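The block underneath contains the structure these notes are about, expressed in structure tokens.
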Amino acid sequence: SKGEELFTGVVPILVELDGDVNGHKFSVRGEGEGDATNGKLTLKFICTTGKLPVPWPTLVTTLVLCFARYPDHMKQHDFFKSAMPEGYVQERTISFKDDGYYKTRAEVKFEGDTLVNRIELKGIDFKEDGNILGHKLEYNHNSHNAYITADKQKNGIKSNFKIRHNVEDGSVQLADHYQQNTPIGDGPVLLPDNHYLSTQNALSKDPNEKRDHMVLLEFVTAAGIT
């Protein structure tokens with residue numbers, strides 16, 4: 001639909017994150033490419049301030065749903081692409097069970113030929129000996145479904161979902177996500193019927209990279225509408 005023609009091929013991506021968790025300031029920069037026809041993302045993220053003070057897996061959801069594969073019968077429900085190129089604001093609260101929370105605010109928009117995700121993150125109330133600041137999470141990210149609903153009052157969408165992070169002792173750390181997206185422009189956006197996104201992620205390391213970093217492969221596909 002509207003905005004779909006910006007995503008017909010492979011698109012370069014830039015991600016910039018400025019973060020502060022319990023007063024520990026950090027910065028992350030990512031680059032790679034996205035292919036919405038297959039729902040595929042290929043990115044490499046570097047911490048540009050030293051060692052990341054939180055586990056890389058806790059930043060995956062924060063670090064571009066316009067690259068989701070929406071099948072033909074659902075093309076009228078793709079809010080994310082319909083907002084382009086002006087883009088959208090993506091805001092989340094992420095509550096970690098028995099621990100602190102992240103608040104994130106991002107702008108996702110085209111800057112010329114590159115899709116850019118610029119994020120501010122604040123982390124508050126974390127336990128210095130918990131799973132997050134204590135670095136106790138496995139280096140992976142399991143698959144999740146996220147239900148998308150229309151926020152007709154704000155011409156946007158909303159979503160809430162739980163991420164289950166594997167803990168190195170065999171337990172699970174829950175991260176409860178509430179999300180709200182609002183268009184930056186005022187043109188015709190698509191407000192969808194209820195549906196969901198299915199996401200898979202694989203995390204790896206570049207052997208020739210010396211900085212603290214994360215190589216990320218992601219697949220996102222839409223479903224739930226007949």
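Labels for the structure tokens follow display order: chains A, B, ..., residues from 1 in each chain, ligands from 1.
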
Give me every strand (DSSP E) residue in stretch 11-165 of chain A, going by DSSP on the backbone, as a PDB file with C-alpha atoms, in the first residue's frame.
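Listed below is the output, selection08.pdb:
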```pdb
ATOM      1  CA  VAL A  11      17.213  -1.325   2.198  1.00  0.00           C
ATOM      2  CA  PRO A  12      20.204  -0.146   4.285  1.00  0.00           C
ATOM      3  CA  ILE A  13      19.573   0.368   8.020  1.00  0.00           C
ATOM      4  CA  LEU A  14      21.165   2.527  10.697  1.00  0.00           C
ATOM      5  CA  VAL A  15      20.400   2.180  14.418  1.00  0.00           C
ATOM      6  CA  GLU A  16      21.605   4.595  17.098  1.00  0.00           C
ATOM      7  CA  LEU A  17      20.876   4.139  20.805  1.00  0.00           C
ATOM      8  CA  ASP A  18      21.806   6.406  23.727  1.00  0.00           C
ATOM      9  CA  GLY A  19      21.134   4.712  27.053  1.00  0.00           C
ATOM     10  CA  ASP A  20      21.319   5.172  30.817  1.00  0.00           C
ATOM     11  CA  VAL A  21      20.598   2.287  33.214  1.00  0.00           C
ATOM     12  CA  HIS A  24      25.413   3.810  33.767  1.00  0.00           C
ATOM     13  CA  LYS A  25      25.547   5.662  30.436  1.00  0.00           C
ATOM     14  CA  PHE A  26      26.207   3.743  27.216  1.00  0.00           C
ATOM     15  CA  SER A  27      25.836   4.041  23.438  1.00  0.00           C
ATOM     16  CA  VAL A  28      25.141   1.448  20.732  1.00  0.00           C
ATOM     17  CA  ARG A  29      25.431   1.809  16.942  1.00  0.00           C
ATOM     18  CA  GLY A  30      24.140  -0.717  14.412  1.00  0.00           C
ATOM     19  CA  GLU A  31      24.273  -1.097  10.648  1.00  0.00           C
ATOM     20  CA  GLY A  32      23.040  -3.632   8.117  1.00  0.00           C
ATOM     21  CA  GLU A  33      20.143  -4.195   5.785  1.00  0.00           C
ATOM     22  CA  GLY A  34      16.514  -5.210   5.690  1.00  0.00           C
ATOM     23  CA  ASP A  35      14.434  -7.119   3.135  1.00  0.00           C
ATOM     24  CA  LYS A  40      14.620 -10.524   7.014  1.00  0.00           C
ATOM     25  CA  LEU A  41      17.054  -8.286   8.942  1.00  0.00           C
ATOM     26  CA  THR A  42      20.854  -8.608   9.005  1.00  0.00           C
ATOM     27  CA  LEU A  43      22.620  -6.252  11.431  1.00  0.00           C
ATOM     28  CA  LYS A  44      25.753  -5.805  13.515  1.00  0.00           C
ATOM     29  CA  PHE A  45      25.654  -3.710  16.690  1.00  0.00           C
ATOM     30  CA  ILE A  46      28.670  -2.226  18.503  1.00  0.00           C
ATOM     31  CA  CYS A  47      28.793  -0.737  21.982  1.00  0.00           C
ATOM     32  CA  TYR A  88       6.643   6.895  13.332  1.00  0.00           C
ATOM     33  CA  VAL A  89       7.486   7.230  17.010  1.00  0.00           C
ATOM     34  CA  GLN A  90       7.859   3.906  18.877  1.00  0.00           C
ATOM     35  CA  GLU A  91       7.599   4.037  22.679  1.00  0.00           C
ATOM     36  CA  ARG A  92       7.813   1.148  25.120  1.00  0.00           C
ATOM     37  CA  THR A  93       7.823   0.334  28.792  1.00  0.00           C
ATOM     38  CA  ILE A  94       9.612  -2.953  29.492  1.00  0.00           C
ATOM     39  CA  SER A  95       9.106  -4.309  33.008  1.00  0.00           C
ATOM     40  CA  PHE A  96      11.533  -7.044  34.119  1.00  0.00           C
ATOM     41  CA  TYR A 101      12.218  -1.395  33.914  1.00  0.00           C
ATOM     42  CA  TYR A 102      13.272   0.235  30.638  1.00  0.00           C
ATOM     43  CA  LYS A 103      11.485   3.213  29.099  1.00  0.00           C
ATOM     44  CA  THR A 104      12.301   3.755  25.417  1.00  0.00           C
ATOM     45  CA  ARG A 105      11.412   6.399  22.858  1.00  0.00           C
ATOM     46  CA  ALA A 106      12.468   5.993  19.229  1.00  0.00           C
ATOM     47  CA  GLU A 107      11.934   7.595  15.844  1.00  0.00           C
ATOM     48  CA  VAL A 108      11.901   5.251  12.851  1.00  0.00           C
ATOM     49  CA  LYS A 109      12.035   7.026   9.508  1.00  0.00           C
ATOM     50  CA  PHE A 110      13.797   7.236   6.178  1.00  0.00           C
ATOM     51  CA  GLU A 111      16.821   9.537   5.976  1.00  0.00           C
ATOM     52  CA  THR A 114      18.595   4.520   4.739  1.00  0.00           C
ATOM     53  CA  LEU A 115      15.938   3.438   7.248  1.00  0.00           C
ATOM     54  CA  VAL A 116      17.074   4.895  10.592  1.00  0.00           C
ATOM     55  CA  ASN A 117      16.039   3.885  14.138  1.00  0.00           C
ATOM     56  CA  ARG A 118      17.166   6.511  16.689  1.00  0.00           C
ATOM     57  CA  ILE A 119      16.494   5.526  20.313  1.00  0.00           C
ATOM     58  CA  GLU A 120      16.705   7.030  23.791  1.00  0.00           C
ATOM     59  CA  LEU A 121      16.598   4.448  26.597  1.00  0.00           C
ATOM     60  CA  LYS A 122      16.310   4.938  30.354  1.00  0.00           C
ATOM     61  CA  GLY A 123      16.601   2.041  32.791  1.00  0.00           C
ATOM     62  CA  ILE A 124      15.406   2.520  36.389  1.00  0.00           C
ATOM     63  CA  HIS A 144       7.527 -14.628  20.211  1.00  0.00           C
ATOM     64  CA  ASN A 145       4.135 -13.565  18.829  1.00  0.00           C
ATOM     65  CA  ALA A 146       3.012  -9.975  19.364  1.00  0.00           C
ATOM     66  CA  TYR A 147      -0.607  -8.976  18.877  1.00  0.00           C
ATOM     67  CA  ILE A 148      -1.066  -5.606  17.135  1.00  0.00           C
ATOM     68  CA  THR A 149      -4.235  -3.593  17.770  1.00  0.00           C
ATOM     69  CA  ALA A 150      -5.417  -0.254  16.438  1.00  0.00           C
ATOM     70  CA  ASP A 151      -5.171   2.807  18.664  1.00  0.00           C
ATOM     71  CA  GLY A 156      -1.584   4.626  15.663  1.00  0.00           C
ATOM     72  CA  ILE A 157      -1.239   1.110  17.016  1.00  0.00           C
ATOM     73  CA  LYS A 158      -0.398  -0.558  20.309  1.00  0.00           C
ATOM     74  CA  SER A 159       0.848  -3.971  21.394  1.00  0.00           C
ATOM     75  CA  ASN A 160       1.751  -5.814  24.544  1.00  0.00           C
ATOM     76  CA  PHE A 161       3.669  -9.069  24.884  1.00  0.00           C
ATOM     77  CA  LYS A 162       5.967 -10.971  27.241  1.00  0.00           C
ATOM     78  CA  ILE A 163       9.543 -11.925  26.342  1.00  0.00           C
ATOM     79  CA  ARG A 164      11.000 -14.951  28.132  1.00  0.00           C
ATOM     80  CA  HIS A 165      14.772 -14.561  28.591  1.00  0.00           C
TER      81      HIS A 165
END
```

Stretch 24-101 of chain A residues near stretch 199-205 of chain A within 9 Å, closest pair each, using only C-alpha atoms, as a tab-separated table:
```
residue	atom	partner	partner_atom	distance
A:44	CA	A:205	CA	8.9
A:57	CA	A:203	CA	8.4
A:60	CA	A:201	CA	8.6
A:68	CA	A:199	CA	8.9
```

For residue A:211, which residue out of A:59, A:48, A:6, A:169 is the nearest one, using only C-alpha atoms?
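The shortest atom-to-atom distance to residue A:211 comes from A:48.
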
Using only C-alpha atoms, which of the listed residues (A:51, A:69, A:77, A:154) sits closest to residue A:210?
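The closest residue to residue A:210 is A:51.
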
If we count only C-alpha atoms, what is near residue A:136 at a cut-off of 9 Å, once residues fewer than 6 positions away on the same chain are taken out, given as a ChimeraX atom specification?
/A:55,130,166-169

Output N, CA, C and O atoms for every residue in that selection, as a short mmCIF file (atom, residue, chain, number, x, y, z; two decimals), in the first residue's frame.
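Saved file selection16.cif follows:
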```cif
data_model
loop_
_atom_site.label_atom_id
_atom_site.label_comp_id
_atom_site.auth_asym_id
_atom_site.auth_seq_id
_atom_site.Cartn_x
_atom_site.Cartn_y
_atom_site.Cartn_z
N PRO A 55 22.76 -7.09 29.47
CA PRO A 55 22.91 -8.15 28.46
C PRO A 55 22.39 -7.72 27.09
O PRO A 55 21.30 -7.14 26.99
N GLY A 130 20.93 -8.57 40.27
CA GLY A 130 19.92 -9.31 39.55
C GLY A 130 20.44 -9.87 38.23
O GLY A 130 21.64 -9.84 37.93
N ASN A 166 16.04 -16.62 28.72
CA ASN A 166 16.64 -17.76 29.41
C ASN A 166 17.75 -17.30 30.35
O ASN A 166 18.64 -16.54 29.95
N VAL A 167 17.72 -17.80 31.59
CA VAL A 167 18.71 -17.48 32.61
C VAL A 167 19.69 -18.64 32.70
O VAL A 167 19.32 -19.80 32.51
N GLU A 168 20.95 -18.33 33.00
CA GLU A 168 22.01 -19.34 32.91
C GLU A 168 21.82 -20.48 33.90
O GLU A 168 22.37 -21.56 33.69
N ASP A 169 21.04 -20.28 34.97
CA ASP A 169 20.75 -21.34 35.93
C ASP A 169 19.56 -22.20 35.54
O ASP A 169 19.15 -23.07 36.32
#
```

Those in stretch 68-220 of chain A with alpha helix (DSSP H) from DSSP, as a PDB file with N, CA and C atoms, in the first residue's frame:
```pdb
ATOM      1  N   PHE A  79       0.503  -0.868   9.194  1.00  0.00           N
ATOM      2  CA  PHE A  79       0.697   0.493   9.686  1.00  0.00           C
ATOM      3  C   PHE A  79       2.125   0.967   9.463  1.00  0.00           C
ATOM      4  N   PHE A  80       3.096   0.100   9.748  1.00  0.00           N
ATOM      5  CA  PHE A  80       4.484   0.541   9.799  1.00  0.00           C
ATOM      6  C   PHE A  80       4.960   1.086   8.456  1.00  0.00           C
ATOM      7  N   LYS A  81       4.647   0.399   7.355  1.00  0.00           N
ATOM      8  CA  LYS A  81       5.097   0.911   6.061  1.00  0.00           C
ATOM      9  C   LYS A  81       4.244   2.088   5.621  1.00  0.00           C
ATOM     10  N   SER A  82       2.962   2.084   5.983  1.00  0.00           N
ATOM     11  CA  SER A  82       2.080   3.169   5.541  1.00  0.00           C
ATOM     12  C   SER A  82       2.502   4.521   6.095  1.00  0.00           C
TER      13      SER A  82
END
```

Between atom CA of residue A:71 and atom CA of residue A:190, what distance in Å does the model show, to one decimal?
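A separation of 15.0 Å between them.
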